[PDB]
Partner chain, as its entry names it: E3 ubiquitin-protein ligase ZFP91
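Presented below, as structure tokens, is a lone chain in the form solved without its partner chain.
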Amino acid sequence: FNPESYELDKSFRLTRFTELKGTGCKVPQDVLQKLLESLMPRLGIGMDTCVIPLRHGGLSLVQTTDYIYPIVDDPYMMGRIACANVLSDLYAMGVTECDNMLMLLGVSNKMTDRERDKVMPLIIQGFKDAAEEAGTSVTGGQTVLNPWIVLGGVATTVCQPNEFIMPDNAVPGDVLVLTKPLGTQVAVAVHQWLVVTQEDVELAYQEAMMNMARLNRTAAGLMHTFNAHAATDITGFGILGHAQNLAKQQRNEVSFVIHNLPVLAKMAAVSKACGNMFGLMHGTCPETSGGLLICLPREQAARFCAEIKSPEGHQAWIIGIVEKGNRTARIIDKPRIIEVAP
């Protein structure tokens, strides 16, 4: 995306139409659980999708919703990233197919009509192609004026019981697998700012951009192939936030321990230099369109890692262990930081 390539000015930045926060835009985890107080397997609020058994066919309706604001300055990719973020919640349940999507848009009241008319069709394009890759399509939605640009949607599947994997079958000795590297907030943060070189910055942003656009759909499928016991996706609450919520969901008395952190190279050094702006090393640094965190028996684990890389392929990491415990999660006192080069 070259702005001036679209009769737009030089100073335009899609990221102008929102604010940047080190800790993200979502309402914090403890506050939501509080406010959300008045509210065949079935799954209510608390996890990555709902699972609502139906009257018809012993079928279950599985659905999920998402919305975010611009984090990269390339409108096509950002819509790809939007559509991918919605579908991620489905994939943490293992459902490889999407029966239907609805799209949420918010058009900023600060953008010229000419900016809107160039930038929106690009975004709407990124969303469609990504949906096509997922084997689905958008058939409705809602579009309204807002102070900021908003992007989001709904994914919905009507499943037979074999299609999904309840997020709660972990046992002591399983290992934790993560399929995308950490640090997406830091990378988007520093790029807008244009310890690290201008070159270190551009390679990071381009890499984070690419990984955010990649679908968790292949991973969902290999969780069946390799008999996964539970999974979540890593989004706004960060690696530790989502780990802690998965754990509390377990049927068995287990606890999670994460040993190493696969981070986009150089981004650890940035978060570190910014004290408590991010908290990358504490595990609460928000992710966007992160990968899957999966509880797999030790044998299924290397095999799963081998096949995701060389099926097109993408690397995944062994990051921690499942142990007898009281359903909590924690990162170790001094984690190993794997620096993953572009």
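Numbering follows the first chain given and starts at 1.
Keep in mind that the form solved in complex with its partner chain is missing from the display, and what follows is about it.
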*Candidate spot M209, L215 and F256, all three in 4.5 Å heavy atom range of its partner chain in the deposited bound form?*
no
*Going by a heavy atom distance of 4.5 Å, is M277 a contact of its partner chain in the deposited bound form?*
no
*Should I319 be counted as a contact of its partner chain in the deposited bound form, where contact means heavy atoms within 4.5 Å?*
yes
_4.5 Å heavy atom contact, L240 and its partner chain in the deposited bound form_ = no
*asked:* Please determine whether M281 contacts its partner chain in the deposited bound form, using a 4.5 Å cut-off between heavy atoms.
replied: no
*in the deposited bound form, the residue from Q192, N252, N260, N245 that sits within 4.5 Å of its partner chain by heavy atoms*: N260
_Given a 4.5 Å cut-off on heavy atoms, tell me which of 198-206, 180-188, 70-78, 267-275 is the interface stretch with its partner chain in the deposited bound form._
267-275
*Listed by sequence position, which residues of 225-241 have a non-hydrogen atom within 4.5 angstroms of its partner chain in the deposited bound form?*
none
